[PDB]
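Engineer: I would like the atomic coordinates for the input below:
(chains A, B, C, D and E, ligands or ions: 10)
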Amino acid sequence: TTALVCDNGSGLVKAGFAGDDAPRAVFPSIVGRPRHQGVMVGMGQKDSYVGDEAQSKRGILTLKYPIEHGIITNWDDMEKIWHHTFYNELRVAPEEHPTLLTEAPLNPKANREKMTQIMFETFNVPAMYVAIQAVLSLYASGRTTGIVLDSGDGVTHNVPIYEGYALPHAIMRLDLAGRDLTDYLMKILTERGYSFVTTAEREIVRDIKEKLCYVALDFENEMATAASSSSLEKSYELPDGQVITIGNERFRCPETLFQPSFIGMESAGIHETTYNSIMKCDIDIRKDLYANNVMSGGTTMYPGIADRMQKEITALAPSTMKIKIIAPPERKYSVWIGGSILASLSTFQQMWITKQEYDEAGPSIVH
Amino acid sequence: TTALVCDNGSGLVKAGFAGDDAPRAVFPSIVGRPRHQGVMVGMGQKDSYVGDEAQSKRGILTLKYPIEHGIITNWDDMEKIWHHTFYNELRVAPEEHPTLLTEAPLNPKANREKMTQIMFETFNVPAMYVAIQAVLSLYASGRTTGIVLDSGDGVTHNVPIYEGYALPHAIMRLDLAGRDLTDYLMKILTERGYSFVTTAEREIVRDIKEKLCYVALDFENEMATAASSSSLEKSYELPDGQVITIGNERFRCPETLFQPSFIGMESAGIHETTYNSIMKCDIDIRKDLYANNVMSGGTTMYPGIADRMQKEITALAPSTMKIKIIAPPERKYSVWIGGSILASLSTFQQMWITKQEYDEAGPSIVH
Amino acid sequence: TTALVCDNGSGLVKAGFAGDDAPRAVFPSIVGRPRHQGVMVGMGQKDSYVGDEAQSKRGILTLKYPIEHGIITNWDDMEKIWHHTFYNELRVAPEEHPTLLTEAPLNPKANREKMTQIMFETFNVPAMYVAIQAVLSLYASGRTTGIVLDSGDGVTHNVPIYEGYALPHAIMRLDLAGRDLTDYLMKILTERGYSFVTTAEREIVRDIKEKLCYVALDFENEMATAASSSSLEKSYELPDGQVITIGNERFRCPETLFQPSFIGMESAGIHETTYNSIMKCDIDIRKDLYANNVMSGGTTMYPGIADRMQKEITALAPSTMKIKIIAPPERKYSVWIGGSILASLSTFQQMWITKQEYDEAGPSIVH
Amino acid sequence: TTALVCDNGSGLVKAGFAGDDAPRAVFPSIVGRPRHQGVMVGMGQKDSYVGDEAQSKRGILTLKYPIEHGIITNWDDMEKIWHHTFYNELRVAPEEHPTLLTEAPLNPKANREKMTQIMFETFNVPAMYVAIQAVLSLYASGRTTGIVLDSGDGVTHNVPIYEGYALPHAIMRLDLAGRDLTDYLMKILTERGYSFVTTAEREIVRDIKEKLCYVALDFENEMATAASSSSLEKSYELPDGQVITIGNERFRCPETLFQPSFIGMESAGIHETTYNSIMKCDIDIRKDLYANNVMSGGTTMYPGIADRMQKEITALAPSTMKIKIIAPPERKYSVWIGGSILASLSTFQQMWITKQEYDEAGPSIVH
Amino acid sequence: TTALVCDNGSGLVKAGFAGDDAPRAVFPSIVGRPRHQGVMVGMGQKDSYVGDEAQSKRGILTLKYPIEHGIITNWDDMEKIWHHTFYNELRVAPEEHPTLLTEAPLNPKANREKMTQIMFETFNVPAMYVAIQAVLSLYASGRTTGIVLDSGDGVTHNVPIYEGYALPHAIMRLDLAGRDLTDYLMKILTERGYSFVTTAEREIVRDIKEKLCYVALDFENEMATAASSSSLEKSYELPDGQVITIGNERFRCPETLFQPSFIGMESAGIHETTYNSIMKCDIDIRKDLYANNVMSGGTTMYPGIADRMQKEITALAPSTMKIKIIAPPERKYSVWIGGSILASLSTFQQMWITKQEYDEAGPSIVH
Ligand SMILES: Nc1ncnc2c1ncn2[C@@H]1O[C@H](COP(=O)(O)OP(=O)(O)O)[C@@H](O)[C@H]1O
Ligand SMILES: Nc1ncnc2c1ncn2[C@@H]1O[C@H](COP(=O)(O)OP(=O)(O)O)[C@@H](O)[C@H]1O
Ligand SMILES: Nc1ncnc2c1ncn2[C@@H]1O[C@H](COP(=O)(O)OP(=O)(O)O)[C@@H](O)[C@H]1O
Ligand SMILES: Nc1ncnc2c1ncn2[C@@H]1O[C@H](COP(=O)(O)OP(=O)(O)O)[C@@H](O)[C@H]1O
Ligand SMILES: Nc1ncnc2c1ncn2[C@@H]1O[C@H](COP(=O)(O)OP(=O)(O)O)[C@@H](O)[C@H]1O
Ligand SMILES: [Mg+2]
Ligand SMILES: [Mg+2]
Ligand SMILES: [Mg+2]
Ligand SMILES: [Mg+2]
Ligand SMILES: [Mg+2]
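Structural biologist: Numbers count the residues shown, from 1 in each chain, chains lettered A, B, ... in the order given. Ligands and ions are numbered 1, 2, ... in the order given. There you are, the coordinates:
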């Protein structure tokens, strides 16, 4: 009889019932067909592996992300993610609940429809409601105010919300992190001879992004001392035998997040987009948009931020302003801890769209 | 009514019904015509002895192998092998079954056609299927993963297979063992006065290859102490009166398998071809390609391997990697214990080519 | 007193003074040691033959390419290439000039250093400058705009340049042609029994790639009709007696350039990488990136391109766009006809690095 | 209507129909003219007596052997042998049968022709076939394998035959026994004063060779004790009055068969020629060429052999080899018991040469 | 003070100082003991005649070749060859020089040791070096390339050498000419009644091999017309009275060199061993291994070859290949004209083994 909060990101999909902790189930959200012909009977071999097995059996597959920079590529793969998940994982009936879905803040509609509809006719969840992914990130620390800087693979957003309404027109969306960070790392690792060309192997790059990373505080001056013999290099070992020693670029790569000329895209860094998004609000409210940046996603896990972000803003921000940049631990699940709280809470159950109200208007009314 | 798994190697041809133990019949696979004129009435004397009698009455024949380094030389002898076998040995009708054949992995087509076709019109087995000889060697201990090193007279192969699909391009085929090992032993036995010129007599060389052999662990250092008077020589006795004492070279000859400069061939040793075939796969998978080399054939019967193979690879292989080099006893019939399991197993019976489907395409479609 | 533009490719190394025609000297760039022991006094025999003689006396050597897939393997052989070239060929002093070198566009540094440095202290060329190999290929027909597709053994590149700046991030580098094309041809020639195992012998394969080749226009439909008896096969004659007749596969092998599944590599074909590199530029500029593909290298010598490339792009490219694929004759020397023009031209002479400026920084400043 | 197997030796010519026992007629094969003038009316006396009467009336003749050491001397006497035999003995018509003759294995051709032809035109036997004297000696006890040592006056042979073809080149023919043994005995009997100068009288010597003979086992040690007074001498009585007592040399003379220095011929003894013929065969076959020496002729009648031959061989033969020296009783007719079996047996009747096939080629085709 | 190049063949041993023409001394290389008892005081009679007197006084000896089919039988006779030669012929001191010896290419070691050592301790030549008999045959006409077919009694070899290193493994050694040709001629001369049993007399056979011999061009067809009465027979006269008339077989006997079935040996003729050795090299080099067969020895003195050899090869060789078969006059001393050039030439003097360097290693190091 439960209700299910299921967030589709380009993750790391998260699923777990209406509370109370963290997603019961998390997996990399990939389908990969076998790029070769199989010959050991059964037929045994699957037509396509979904996660998590499609992350355990790389190299013999071609990973294809069903979603990509917010808008998904095709629901043929997406629906299979879904069907696989509801039926053979959580062991939850389709008529169990009214569900709660998330999207990007400005994703081209109808990218919400085709989802809502296919999921509606196939899985027959008797209702529906979609809350934007940024808004939910506030329900983590349970604040009512603040500018939310939510960056996960592969779409970031900067949505300012006051108590308790939210300014719609003051939001700037950058197509930056994180596949561009993975790809940039893969492009600058070539500087030391390591070739990471194939689709499957790209995943390994992401892991060297995981452990071996830190954002400097004063890049321009730090680069000089990086050349000094003292190793700012840590050597990671790769799933086979190989031992790879990356340094210098280790702190260079994430820095791309600010100063994103390195990628060849003109929109200025998160540095500047935060401020320029804030002074797109009303002059009076700004006092409390500052000192309340609450970060989220899986791309605020770097040991660089937030005091990088801090010294960076304080140079651009007006003077005489106190700026706490409170960002929790556990942030990777922040959004989810949001959603859980919501559908269990009174009373927005009655701003849902049930079945009777999908026979009248249908594809519209969703917004 | 049974089905028959029959493998043609440069053996030692093996035949036995769809399971369950080992070939019912094994013989050296030779035809040899009598190099002399016969005068003992009847006419009595046969035009040519096939095995096994052609291995019991050597010296009065000129042994001619119907196949040689993978591709067969002529089907005139080959078909006669076949007809003789089916009709006067196994006592099996031609319409008894649909059959199962093996080939080399990269044998020049149409070396499979002329066989399939001649056997199709002559012996009329109402169906057909040819599985590659390396793949079958996994079905012995019933593993699903691994790089298979299958080396028999006279073509070796190195096929890496993951679970369960098989990488086609990571296979390197060396025309090495085993006639070159026989011929080389015959070339290095000459230094001690033993002349082994005649075709028939060469078989005897092969037998001294059998019993009197062992691969060292550290050749270069072992050779010094080999010169010491202490006999690492065992004296074998030859079918006539002669007593032959070979030492030193007894372990030198097989060593040719690595470091095949001794032959005057540039392709590097099995040592290097194993690794060089392995890192021709995808970087992530190698962890399990290692520690599962399953050897097969009749040339992995030396009491040297695998800790020779082991110590050698570990020097070329990356560090910190565990390498089991599991190779069964009973390996001589490994391939066959594979085949039996296959055609008896559901359900790939419907991946066959029967008679009705050889009326359409014919010489093609076999692959 | 002249200045020398010397480009190291995996060629076919090219050398000739600052203009005005084509390299004075071209040779296959190989060192090969004699795999055997020599016994006719002098000592006569060299420790290792460099080109061109190392291409006249194959079979008694083991050819070892000093560079391989962009990054060179070792400067021990490379330096000998150099020393041999400067001293005993062109008859040019080391202090004669400031020089001009090329590299790959994204070659792992320091693959440019060790060269620059060893060449700097050994040969003492009082200056230096290295222009990327793609950029020079535009100076042939003397265009200022276009996407350059430069594919030679053994690294291709796709660099888009506008007037007159060049987009750095829109370049995709495929490790495809040409040793993979040679090796693939050698791998599919085995299908008809021809064994091409030895290192030296591989060269002959390359020559059958030369004359006997052509890329089809509609492969999928062409393969059927290829089976028809009408010979699309031309019979080539081999340096010894043997006459080898390759057909069908004659056009199949080069086709690998597109669809590189045949090799077992996932990175999509040149077809798709050209386009995917182009629409990684800015949306407005694309109008002139199209209709100006200028091809180069020695692997765009097939009589297939460019209208194979054309029909292929027009299927992937947006509609209503005219796509010229201008690629000169003489392309094999295109790069060089570029370089010569450059160092003779004002004024980038003062963007050089002379000796006085290598006592300060050294290993840095080169980029 | 029967067929006749007739063997010409330097005997003791043997004749008897196609089976089934032994020759119907045996006689010493000599013609002898009367060396004196005859004067007792008739004129009565024959121009020349053939055997057997020419062996009843010695002393009044000059015995002249029609054949001598394989090659016959002249067919003028030989034909007279034949005509006399066929017409006035067996009482058989000339057109009765197709005939079967033997020769030496290596008798100088055409020593077979002049026979075949003369008998063909004179006696008109409508067909012909000539089988070699050695091969037939196997047909006695009906074995299929073995080295045959056939020594009769006056040409021995050593032919190795395997089952069932026969090695032609491994045969060594010594012009030794038996007229050389007779002549030697006559040469050493002078040692005790007995004069045997005349040709006729020589026959008597042969008889003292018959009864009074034995081959020692250890000559050298036996010779010492032979000198002891103990009579190893048996006293034979000669057709006239005289009583001759020979000892010592009685066993010395036959020993000449081995150690034939005594004659002044260097070619080593039958002892060594057996072995030296055997190891002129193939290395594999020797195992069964040994242990199957089947003797024949009339010079293997000595009570010394075969265990003399044995102790001699085992010292020369390789060790650990079992050597049967099987020699029947009745051996004197061995060859003939062969022929009977042959021409009576199907089916080699059609390997004959009849007359219709002798008008075409004639003197040729016989081989 | 000169140095001596001395070649031991089964000849015809040749000796003459370091250049410049031909051996000062040549003789048939035989020792022969007197098979009889001598009674003419002095003691007068020698214990054993070495050549040449042992070739002047046949018939009173038992000729025993000190070497036989490459490996020598015993150094007791060989040493006497040596001592006799150095001391009572060339009038040369033992310490005069460092010496140069030849061997077969694949003679069973240690067949070089026992020589090197005995000669070293007895004759005390302060150094040593042994070059293989085949290689020297190139130094005659002074070529650098080619496959050498060096056939003398009683071991032929086929050693292919490129410029300038030498392929070791492409050599096939046939135990053929010449004692097998002498013996074969003696075996087929019996066909016309001539008996040649004794060893001494065999020398005469060899002489009839000398003058009265010639190899046909198209044998099988030549035999038909050979039967025609027109004498292709030349009549030789024998040292006693006897006149011997040989025909037919006169050209048949040498023909045995190809098609050695006549002997009963399975290894195919020199015909095939030349080609089969050539295509045992690398594919590229063959172009110049052809058209450069330089023959040597004493068995290429037949007036048949080389256009026999030519027509034979061209039928087996691949088409469109030019095949010169250059073989000098004067060839009998070719090898020696080689040796002279060598030890006189710089600089391989320092690849010798002297006195000081034989106290350390001894029996080894010779190779
Ligand atoms: N510890 C970490 N350090 C750095 N980056 C991380 C870490 N954990 C996850 N990431 C990155 O965060 C991304 C996942 O973010 P996620 O919150 O799943 O975004 P979404 O919810 O939009 O899918 C991954 O692409 C990964 O590269
Ligand atoms: N105990 C042994 N030691 C070494 N080699 C052996 C042994 N037993 C057999 N062989 C060799 O193995 C070969 C048989 O291999 P096999 O597995 O039959 O190859 P295939 O199946 O391809 O014919 C024989 O030629 C023989 O020389
Ligand atoms: N006529 C031709 N057809 C096809 N390929 C060719 C032809 N001529 C040369 N090639 C190939 O082009 C390559 C030479 O390219 P090159 O311009 O030297 O590249 P790089 O300069 O990077 O070494 C050689 O590897 C050769 O295989
Ligand atoms: N008991 C015997 N002992 C020794 N020699 C004998 C004996 N009987 C016969 N011979 C010899 O054997 C010869 C006859 O043997 P035979 O088989 O006829 O020889 P061939 O077949 O060559 O004519 C006679 O010359 C005779 O001297
Ligand atoms: N003119 C000739 N014709 C045929 N054969 C010959 C001729 N001269 C010599 N021979 C044979 O060739 C042999 C000489 O070969 P040789 O070159 O001396 O070999 P090696 O030098 O190895 O002893 C002799 O034994 C002889 O029988
Ligand atoms: Mg998100
Ligand atoms: Mg096999
Ligand atoms: Mg290039
Ligand atoms: Mg006889
Ligand atoms: Mg010789």
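
Engineer: how near is the residue of the stretch 51-200 of chain A found nearest chain B to ligand 4?
Structural biologist: Closest to chain B within the stretch 51-200 of chain A is residue A:59: 3.5 Å, counting by Cβ to the nearest Cβ. C-beta coordinates here come from the backbone N, C-alpha and C atoms, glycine included. Residue A:59 sits 85 Å away from ligand 4, going by Cβ to the nearest ligand atom, to the nearest Å.

Engineer: so is that residue in a helix, a strand, or just coil?
Structural biologist: Three-state assignment for residue A:59 (DSSP: H, G, I helix; E, B strand; the rest coil): coil.

Engineer: what is the neighbour count of residue A:39?
Structural biologist: Residue A:39 has 16 neighbouring residues, counting by other Cβ atoms under 10 Å in any protein chain shown.

Engineer: in chain A, what residue lies closest to ligand 4?
Structural biologist: Nearest residue of chain A to ligand 4: residue A:39, at 73.8 Å (Cβ to the nearest ligand atom).

Engineer: for that residue, give me its contacts.
Structural biologist: B:131, B:135, B:164, B:165, B:166 (Cβ atoms under 8 Å, 6 or more residues apart in numbering or on different chains).

Engineer: farthest-apart pair in those, please.
Structural biologist: Greatest spatial distance among these (Cβ to Cβ): B:131 and B:165, at 15.0 Å.

Engineer: look at the two and report which has more neighbours.
Structural biologist: Neighbours were counted for residue B:131 and for residue B:165 using other Cβ under 10 Å; residue B:131 has more, 21 against 18.

Engineer: my guess is that one contacts residue B:100, does it?
Structural biologist: Yes: with contacts counted by Cβ atoms under 8 Å, residue B:131 reaches residue B:100, the gap being 6.8 Å.

Engineer: which residues are in contact with each of the two?
Structural biologist: With Cβ under 8 Å, 6+ apart, residue B:131 and residue B:100 have common neighbours B:339, B:342.

Engineer: so residue A:48 versus residue A:91, what's the distance?
Structural biologist: 22 Å (Cβ to Cβ, to the nearest Å).

Engineer: near the residue of the stretch 151-300 of chain A found nearest ligand 8, how many other residues are there?
Structural biologist: For the stretch 151-300 of chain A, the residue closest to ligand 8 is residue A:190, as judged by Cβ to the ion, at 16.1 Å. Other residues within reach of residue A:190, judged by other Cβ under 10 Å, total 17.

Engineer: quick one: which helix or strand includes the residue lying closest to residue A:264 once chain neighbours are set aside?
Structural biologist: Once flanking residues are discounted, residue A:264 sits nearest to residue C:169: 3.4 Å by Cβ to Cβ, 6 or more residues apart in numbering or on different chains. Under DSSP states H and E, no helix or strand contains residue C:169.

Engineer: just checking, residue C:169 touches residue C:280?
Structural biologist: Yes: shown here, residue C:169 and residue C:280 form a contact pair, counting by Cβ under 8 Å, at 7.2 Å.

Engineer: which residues touch the residue of the stretch 101-250 of chain A found nearest ligand 6?
Structural biologist: Nearest residue of the stretch 101-250 of chain A to ligand 6: residue A:152, at 4.3 Å (Cβ to the ion). By Cβ under 8 Å, 6+ apart, the contact list for residue A:152 reads A:9, A:10, A:11, A:12, A:177, A:178, A:296, A:297, A:298, A:299.

Engineer: beta-bridge partners for it, please?
Structural biologist: With DSSP bridges as the criterion, residue A:152 is bridged to residue A:155.

Engineer: picking up where we left off before, can you list the contacts of residue A:39 in TSV and add secondary structure?
Structural biologist: As requested, the contacts of residue A:39 are arranged in TSV below (three-state DSSP):
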residue	secondary structure
B:131	strand
B:135	helix
B:164	coil
B:165	strand
B:166	strand
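
Engineer: in JSON lines, list the residues you listed along with distance to ligand 2.
Structural biologist: Below are these laid out as JSON lines (distance: Cβ to the nearest ligand atom, whole Å):
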{"residue": "B:131", "distance to ligand 2": "14"}
{"residue": "B:135", "distance to ligand 2": "14"}
{"residue": "B:164", "distance to ligand 2": "24"}
{"residue": "B:165", "distance to ligand 2": "25"}
{"residue": "B:166", "distance to ligand 2": "19"}
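
Engineer: can you lay out these as a markdown table showing distance to ligand 9?
Structural biologist: Output for the contacts of residue A:39, formatted as a markdown table (distance: Cβ to the ion, whole Å):
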| residue | distance to ligand 9 |
| --- | --- |
| B:131 | 65 |
| B:135 | 67 |
| B:164 | 77 |
| B:165 | 78 |
| B:166 | 73 |
